[PDB]
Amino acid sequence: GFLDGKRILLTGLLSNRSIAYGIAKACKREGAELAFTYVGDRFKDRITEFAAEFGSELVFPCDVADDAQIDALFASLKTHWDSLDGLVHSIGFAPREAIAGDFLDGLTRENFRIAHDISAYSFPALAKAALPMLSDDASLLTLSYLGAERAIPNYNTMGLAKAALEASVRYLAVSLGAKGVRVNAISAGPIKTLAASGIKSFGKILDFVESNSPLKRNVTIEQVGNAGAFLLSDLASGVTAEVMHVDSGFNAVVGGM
């Protein structure tokens, strides 16, 4: 397959509906060797099973709020892999009130700080910590959403954090590019994941995308997974600093009128 030999670390594989699961499944199909992170000792068994499904026993704890855990992740990974070819950042968080209702009602300094710390900062932070072991042709991928580009109801503080995240893709691409490393994002359409059980204006958004997207259907984690596998692969060696929409074309229309 087109990822034969590539060794890829995936964050954010929480359930079999996680975007990271679709990415994991596609990467495994195309021949990659995988390793996985988790947060909280209670998910250790679950992530261990997922890893074994993908022929892997490489699982490591990493709460990205913690500098020591970020450093320890790569120290641990390095005892198995002398080099890293891929990194999937599929991590996000904002306090409930900061992604519900009116943008200002949910705005506080702490809510802003946490959302940007976990959803934006953590991507280049992982990149920096991984750098000494990145292969020259490594590829780093993060996940964003159209709320970074345009105001979408309820997305609120997460829209700000995703905008910073997309900017980080561009600055990372420049920092790491002379070495040969690529950095991209996928702007994925709505998919019913665990994170989506935050606000269900989600049902409304899901219906709207199905009705108004050019393909008249919502995307799947298989479709996002395949796009992800592509970006992580040498097939995409000409592509960096890109935010690729995998959203049935929804971003490109004015819908609903």
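Throughout, rigid core stands for the largest set of C-alpha atoms superposing within 1.5 Å between the two forms. So that there is no doubt, residue numbering starts at 1 and follows the sequence shown.
Asker: Which of 32-40 and 189-197 lies farther, on average, from the shown form in 8 other deposited structures of this protein once the rigid core is superposed (C-alpha RMS)?
Answerer: Farther on average in 8 other deposited structures of this protein: 189-197.
Asker: Comparing C-alpha positions in 8 other deposited structures of this protein against this form, with the rigid core used for the fit, which stretch differs more, 52-60 or 200-208?
Answerer: It is 200-208 that deviates more in 8 other deposited structures of this protein.
Asker: According to the deposited model, is the average Cα temperature factor higher in 6-14 or in 244-252?
Answerer: Looking at the record's C-alpha B-factors, the answer is 6-14.
Asker: Quick check on the record: does 141-149 or 172-180 carry the larger mean Cα temperature factor?
Answerer: Here the higher of the two C-alpha B-factor means belongs to 172-180.
Asker: Among the candidates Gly40, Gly189, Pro214, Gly228, give the one with the maximum CA B-factor reported in the record.
Answerer: Among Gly40, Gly189, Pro214, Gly228, the PDB entry lists the largest C-alpha B-factor for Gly40.
Asker: Going by the CA temperature factor in the PDB record, which third of the chain does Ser90 belong to: lowest, middle or highest?
Answerer: According to the entry, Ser90 has a C-alpha B-factor in the chain's middle third.
Asker: Taking the C-alpha B-factors as the PDB entry records them, is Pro124 in the lowest, middle or highest third of its chain?
Answerer: Lowest third - that is where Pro124 ends up once the chain's C-alpha B-factors are sorted.
Asker: In terms of the chain's CA B-factor thirds, is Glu166 lowest, middle or highest?
Answerer: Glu166: CA B-factor falls in the lowest third of its chain.
Asker: Relative to the other modelled residues in the chain, which third contains the C-alpha temperature factor of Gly106: lowest, middle or highest?
Answerer: Middle third - that is where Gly106 ends up once the chain's C-alpha B-factors are sorted.
Asker: Where does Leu232 sit by CA temperature factor within its chain: lowest, middle or highest third?
Answerer: Bottom third by C-alpha B-factor.
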